[PDB]
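Structure first, then comments.
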Ligand SMILES: *[C@H]1O[C@H](CO[C@@H]2O[C@@H](C)[C@@H](O)[C@@H](O)[C@@H]2O)[C@@H](O[C@@H]2O[C@H](CO)[C@@H](O[C@@H]3O[C@H](CO)[C@@H](O)[C@H](O)[C@@H]3O)[C@H](O)[C@H]2NC(C)=O)[C@H](O)[C@H]1NC(C)=O
Ligand SMILES: *[C@@H]1O[C@H](CO)[C@@H](O[C@@H]2O[C@H](CO)[C@@H](O)[C@H](O)[C@H]2NC(C)=O)[C@H](O)[C@H]1NC(C)=O
Ligand SMILES: [Cl-]
Ligand SMILES: [Cl-]
Ligand SMILES: [Cl-]
Ligand SMILES: [Cl-]
Ligand SMILES: [Cl-]
Ligand code: NA
Ligand code: NA
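Residue numbers (the deposited numbering), protein chains in the order written: chain A, 23 to 664; chain B, 753 to 1371, 1381 to 1663; chain C, 19 to 258.
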């Protein structure tokens, strides 16, 4: 008995290109399918209509791409939840699934010319308007400027149409203005709930002539370190020359929001050849706090303030280095990249992420699984190690403990972490499972990654599985889908997947197979895997000197700026005095910020696997529906749980 | 000479914090996939490192942020002019021009100059430059202090130039600084008015008169700004809770029967879908389930078609005579189900047509000839009393439900509705049962025909103003109350609604069960409609205008609910009273706050530190400099700084400095002590603390190595390290105890002291032709004849109020006729002036002698200003002398009649 | 004697005006002093002068163009700088949505008080206003702001039973608004089909741009593939 199935993203976006994947199982000849999308529950209007015929030559696999109309006729509010009915009909056989709708229509990014402004001056800004594909788009944007109190002082409704995705604006700061952190907040008109923001400080100031860099010798403070916290002070003119002067350095403890100053830490040191050294003593620190137990300081942070005065007395610069964490270990372990579900009897893959106390990845750090012999694994550049443990077949919950194996460290100093993984629940004790595995090396576009498919199931019903089908989730949508062929008797199969700039910054691969169960009922088995891809710009943009004289320019001199980029690209520029950044380096725009915004919006909520097949689908942001009644549960929330 | 002349030096002046805000495109043809753009840019004047950031947008490639590109702009010799963000007007201040020499093996002998600016008292003037010659060792810097006094507010210019002897090298720096008025900025709230035109205003109009701000302590000649702030205050309406989804689970039923039974089973399923759709409660119920509900409904409909008779009416069995009620009910239900499934237009409209043409009497009444078997299913209609009104009402309602669907097919429909409405209207006042009152009330409300005494009977009939009830089945009362709720909703009487809705929900009735169809259908339709008609927020539509006496056209602001948060501001420089008028529905907030500069006592300056500085002759000239500072806090200050700058040509005693450095509780850098006697004229002394209970004092000798004609006052600044803003600065000078540059002040205006005294002359006497020659000179702006009205005294000036009797020659100032002008003279110039009130005078002078702008504009009696006593007519006629008076007459005549020639 | 009589070097004049009048015979080693003409200054330290040598005159020092201040940028405008020396020019452009007022070209010249200045003074860029958001028959847009500039959008909405025809959004560009939508009452006579049941869009009321599909028992008329539309003027233009 032939079975018809449809797979779509768990969440459907307005004004965004979406794809629906249609599959026929055990079907002969051409199959005609008509797919329509309607509003739920009113069915008042057809949002989209498309048709496609599955041919036996294509290996019975089809897709229909549709964009929900921008119109958003279905009214927003009270916010959530909007739904649509998705219907696919294959040769008079109807399969329908109700899917959740997100009104979000793309991304906005805000760029100001500086990070801080004086009253009376002008804030120049640009609003980059892109879709979920990160491509320039012409839409209507609501823009607000908010005071430190949070009140909107200015409200505009603009269009980026014909602006090549770049909306240049400006705001004049009144001479009499409330100081503080001001916010620029913009949103797509159609998607009022998704607000994108940036901040700028308003303050009376003058630019300093030099910068002060205060850096501890260690990114953290070990609580049992007798030496105390050593801090280096560096002072240099913005034009590169070293500073001679006097520095005042003071320390404090930060616990949450509160800050406790350490008066006795105050020291006055000479800055010679642009350099100075200063120490916070363990005794002073420990005397600063009311609690006699030093261990209570763990989890808290230290901050250092340095004020440097030029010998002329003409210029003074204050600089702070904060969030120096107080630790009992120079390392942290994270299981944020490992699946929380294992399949009994099949190797379980742990994706250990080892970091420094500042959040940065840790390189060449040995890591092992506790309760198990050997299994040492080093860390990659991204601070990622891969571990594998063989599991006994049984529904018993899995408790894994990972510890660092750093040679120069005491056992009390090593980092440790424990996670629990639940058994994948098969249908009717079928004891059938699919498992996906990947090499986990640092991944870049232009390279191909092998994806390994391994199945464990009763050998009597084994012969039935001719293929697997895989779906590639990326930036909230389906990017690719396909099939991987397996002959009977073949436990392991390998799919080579070419990786492109479309895979940036990460993707999930969801594979499944279906068969006729021992119950006589239909049976679907699935697994999902998550893989990181190295961040970079899609395409390239580089700025350097065109003169190439290698000699330093003088004031008022003309020079040649060389820009290299993709053809036809619109390039916007700004030149900023470094002193501004000496005063404020918050809210600068970078590519990594963009990729972060993208990763936060992701539909998929887990690293992989699930409680059941439906769990696997939903977790990676998919809806599966079949004629036999096997479907994922309805998704309650737009936000990822946690 | 061997040095570049000042004029030849073009100062650096372009110091923007940001620039190159440019949009470019990679139009250039690309090798591979990359296109290279070469841009020619002119660098700014700043000496620093620029961060150049680029962001690209591509339709194929997307958005890309490039890595920041740095450009360092550097110079072997330069001036860093360190200016504060702002300076107070008429307050002496010290600034630093720091000179940098970054040559490794070459010292630089340099002449540095502060340019003269009429807006600043400084050393430099128009007649004389302020130049110094200094020497800078290699890999070193030198601080050159300038003491100035800002004379006018706004952006003012400071320029410092420097050139190198024996080297074709120079640099200049031209910067602006904000000069602000004295006193402290204050915000004074003139008024706070709640805007509620319906609640606070007659005839929907609210008027508020806002008074002018009382600026009693406001500094003279200071701009004030009045800010008018409008905001809308959003008010969200509270709606009653919707019935939970789980509680309609039992309402989903599979229809079976029997023309009547099928409808009994069809009723709950249809109304449940209706309520869930309306309240969007399909999520908790289960989305997948909705499909299901539908085909039950479909089933029912299909099945019901079996009991449709050739007349298009309905009955339990095909053999049975058709029921008016059951037919009208099939209409009601099908009409409500027309959204959910495809209903045949012919069936519904056929039933309607049958009801009208077959069952409606000439008076509008509908009649039942074949009552249904299941009396239960007709709920409140079961009562024998007032059957005509109740059944006519019911059928009419069914008709209203079908009007939009059947208006074209059925011609008799508008007339029927009207006819029924007439019968309801005619006999409504005689009703004695709450049920009939409620249902007929709803029917009449649908036609907008429920008004006046009828409306009052309807409302009055409600017990406790929450329900419509009668003795008997509770279900009948639920049904009736649902009808009345629908009526109130139709009437939009939202004030009467909330207790009624609360009561229905309080009953906790969820339909289903024997004899429940009417109560179910009606309660759920009524609640669904409540949800539909419910407002989430109160209406905010405001039109607010403010009328300003300064502006002819009023400013109009419309405040709506979406933009309610948005702050609207209007600003007026004039402190004038105005009126604000608000119209429309909603709530608003008006706030009027005036920002002004207020004269402050005690003085702002030195609030954290007391600082006394003294310079005294010491027992080759040497003096003793004493510095006494006291912190004004509750406890001793932490580590602090004394920034000391020497008088011109003075250096600290080296031995004194060393002994001070070895002294405990203070520190002087090895850098300072190592430095030679010259050319460093700045010294920083770091204090480990500053006492708060007594003056901390120190003293050292200073040696005059260089002699100059003009000596710039030295300065001492004290501040704690953590707060540079909270400082105190004192000046010191031998000739002047205060250290203050000589200046004169009148009211809020100050000018640099100059030798411009009126010249007294003459014993020998003067000719008419000299007057004619001098007055006709181009430099002379005005020539007047006037009388001294009043002589007044100022701190630095003598004032003479002159009523201009005749304008012999008129200047830029227009005195017209008989107006008054104030002529002033410095106290040091008293002996030369001889003025008496009530006496006439011929005066004339230069435009350069003007001071300030009207009002209180002054004429300065300087050296070039002519003042001559004019004898009275009686006196003029006598001897001693007739000559002077005749000469004044001729002077006058010649001047007005012929004037001056080109 | 041997030298000659020299004509003024370019950009220079004689220090002594009397020199040419003097007509003195010049010996070897004799010097003549020059001054730089207005708008120029000496290239090197010391005087600018020529010395008579046996083989003609020889020039020591030179005069080169004086330099103007570095130009300030203009708000909402771009600056094209040809140079900053004497007689150089800067041409001013204005960003889109802005127009230029004042002079579009400036030059580095000699000003009174003998100082190099930019003349004329730099122009100012001003926003092109749109203003006057058009009213619509039986509909209100909103707006409440003036003046609107390039890129500004105003969204129209018809209240009550009126149906909005065309785009609800108007864009202000070049001081000119795009075309407003018209909101008119429209009704649609219920679709009738012999032997067709109807598939979807079966709403009680048909106003604007509603849609329907037909399912029918066999032996049904017309062709082909049906579907339907509702169009303004209550007309229905396709394949019943
Ligand atoms: C649906 O998706 C297919 C990709 O393959 C399918 O994807 C699933 C979602 C199911 O539908 C399955 O049936 C199947 O696995 C898209 O096919 C793609 O076609 C494009 C061209 O339109 C191919 O891109 C390139 O085309 C250029 C020429 O223009 C060639 O030079 C390139 O070599 C390359 O062929 C592409 O290879 C192909 N598959 C991929 C990887 O995307 C199909 O476009 C899509 N259907 C619709 C309606 O969008
Ligand atoms: C108007 O001025 C008042 C008084 O100066 C402000 O009140 C202070 O505001 C500052 C920040 O500007 C705070 O640091 C103080 O804590 C405030 N003091 C008090 C007692 O409120 C007030 O903020 C100003 N008005 C506005 C609109 O900000
Ligand atoms: Cl296949
Ligand atoms: Cl440039
Ligand atoms: Cl009919
Ligand atoms: Cl010259
Ligand atoms: Cl200029
Ligand atoms: Na990534
Ligand atoms: Na400077």
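Even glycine gets a Cβ: it sits at the ideal position worked out from N, Cα and C.
Checklist line | Simplified DSSP assignment, three categories, for residue 166 of chain A | finding: Strand.
Notebook entry, point to check: CB residue 794 of chain B to CB residue 102 of chain C, shorter than 9 Å?
Noted result: With respect to residue 102 of chain C, residue 794 of chain B sits close: the two C-beta atoms are nearer than 9 Å.
Note to self: Following a CB-centred definition, is residue 489 of chain A positioned closer than 8 Å to any heavy atom of ligand 3?
What the structure shows: Correct: residue 489 of chain A has its Cβ closer than 8 Å to ligand 3.
Notebook entry, point to check: What are the residues that DSSP puts in a beta bridge with residue 587 of chain A?
Noted result: Note: residue 587 of chain A sits in a beta bridge opposite A/563, B/787.
Notebook entry, point to check: What residue from A/611, A/556, A/190, A/284 has the CA that sits closest to residue 464 of chain A's CA?
Noted result: For the set A/611, A/556, A/190, A/284, the Cα lying nearest the Cα of residue 464 of chain A is the one of A/556.
Notebook entry, point to check: Listed from N- to C-terminal order along the chain, which residues in the stretch 124-152 of chain A have their beta-carbon within a distance smaller than 8 Å of any beta-carbon of chain C?
Noted result: Of all residues in the stretch 124-152 of chain A, only 144 come within less than 8 Å of chain C when Cβ atoms are compared, listed by chain position.
Note to self: Tell me whether residue 1517 of chain B, by its Cβ, gets closer than 8 Å to a heavy atom of ligand 4.
What the structure shows: No - ligand 4 has no heavy atom lying nearer than 8 Å to the Cβ of residue 1517 of chain B.
Note to self: Tell me which residue opens and which closes the alpha helix (DSSP H) that residue 1646 of chain B is part of.
What the structure shows: If you look at residue 1646 of chain B, you'll find it in the alpha helix (DSSP H) that goes 1643-1658.
Check: Within 8 Å: the Cβ of residue 790 of chain B and any heavy atom of ligand 6?
Finding: The closest heavy atom of ligand 6 lies 8 Å or more from the beta carbon of residue 790 of chain B.
Next item on the list: Alpha carbon to alpha carbon, how far is residue 296 of chain A from residue 1483 of chain B? Give it in angstroms, no decimals.
Entry: Going from the Cα of residue 1483 of chain B to the Cα of residue 296 of chain A covers about 21 Å.
Checklist line | Short Cβ contact (9 Å threshold) for residue 236 of chain A with residue 268 of chain A | finding: Cβ distance not < 9 Å, so residue 236 of chain A and residue 268 of chain A don't count as in contact.
Notebook entry, point to check: What does the shell around ligand 1 hold, if a residue joins when its beta-carbon is under 7 Å from any heavy atom?
Noted result: Those residues are A/41, A/43, A/80, A/83, A/84, A/85, A/86, A/87, A/500, A/502, A/503, A/504, A/505, given in chain order.
Next item on the list: Starting from the beta carbon of residue 1090 of chain B, find every residue of chain C whose beta carbon is closer than 9 Å, and list them in chain order.
Entry: Within 9 Å Cβ-Cβ: 220, 221, 222.
Margin query: Does the stretch 427-436 of chain A come into contact with the stretch 474-488 of chain A, if we say contact requires no fewer than three beta-carbon pairs (one atom in each stretch) closer than 8 Å?
Written below: Taking 8 Å as the limit for Cβ pairs, the verdict is that the stretch 474-488 of chain A does not touch the stretch 427-436 of chain A.
Check: Cα separation between residue 420 of chain A and residue 189 of chain A?
Finding: Cα to Cα, residue 420 of chain A sits roughly 52 Å from residue 189 of chain A.
Check: Between which two residues does the alpha helix (DSSP H) containing residue 492 of chain A stretch?
Finding: Run containing residue 492 of chain A: none in the alpha helix (DSSP H); it sits in the beta strand (DSSP E), 489-496.
Margin query: I need the DSSP call for residue 1052 of chain B, collapsed to helix, strand or coil.
Written below: The DSSP-derived three-state label of residue 1052 of chain B is helix.
Checklist line | chain B within 9 Å of residue 208 of chain C, Cβ atoms only | finding: Output row for residue 208 of chain C: interface = yes.
Notebook entry, point to check: Of the choices A/304, A/262, A/247, whose alpha-carbon is the least far from that of residue 275 of chain A?
Noted result: Residue A/304 is the option with its Cα nearest to residue 275 of chain A.
Notebook entry, point to check: Tell me, which residues are paired with residue 373 of chain A by DSSP?
Noted result: DSSP output for residue 373 of chain A lists A/408 as bridge partner(s).
Margin query: Within 9 Å of any Cβ in chain A, is that where the Cβ of residue 1400 of chain B sits?
Written below: Answer yes: the Cβ-Cβ gap between residue 1400 of chain B and chain A drops below 9 Å somewhere.
Item checked: Members of the stretch 127-144 of chain C near chain B, C-beta cut-off 8 Å -> Flagged, chain order: 132, 133, 134.
Margin query: On the CB-based measure, 16 or more other CB atoms within 10 Å of its CB, does residue 643 of chain A come out buried or exposed?
Written below: Counting Cβ neighbours within 10 Å, residue 643 of chain A comes out buried, since at least 16 surround it.
Checklist line | Candidates A/38, A/508, A/361, A/298: closest to residue 474 of chain A by CA position | finding: Closest in alpha carbon position to residue 474 of chain A, among A/38, A/508, A/361, A/298, is A/508.
Next item on the list: Report the partner residues of residue 1224 of chain B according to the DSSP bridge assignment.
Entry: Note: residue 1224 of chain B sits in no beta bridge, so no partner.
Check: Which two residues bound the contiguous beta strand (DSSP E) that contains residue 851 of chain B?
Finding: DSSP places residue 851 of chain B inside the beta strand (DSSP E), whose first and last residues are 845-853.
Checklist line | Backbone secondary structure at residue 1420 of chain B - three-state DSSP | finding: Residue 1420 of chain B sits in a helix when the DSSP states are folded into three classes.
Check: Since residue 768 of chain B meets chain C, which of its residues come closer than 9 Å, beta carbon to beta carbon?
Finding: Ordered by position in chain C, the residues that pass the 9 Å Cβ test against residue 768 of chain B are 90, 91.
Next item on the list: Could you please give me the residues that DSSP links to residue 254 of chain C through a beta bridge?
Entry: For residue 254 of chain C, which the question treats as bridged, DSSP gives no partner whatsoever.
Checklist line | Residue from B/1361, B/1433, B/877 with nearest C-alpha to residue 1516 of chain B | finding: Nearest C-alpha to residue 1516 of chain B: B/877.
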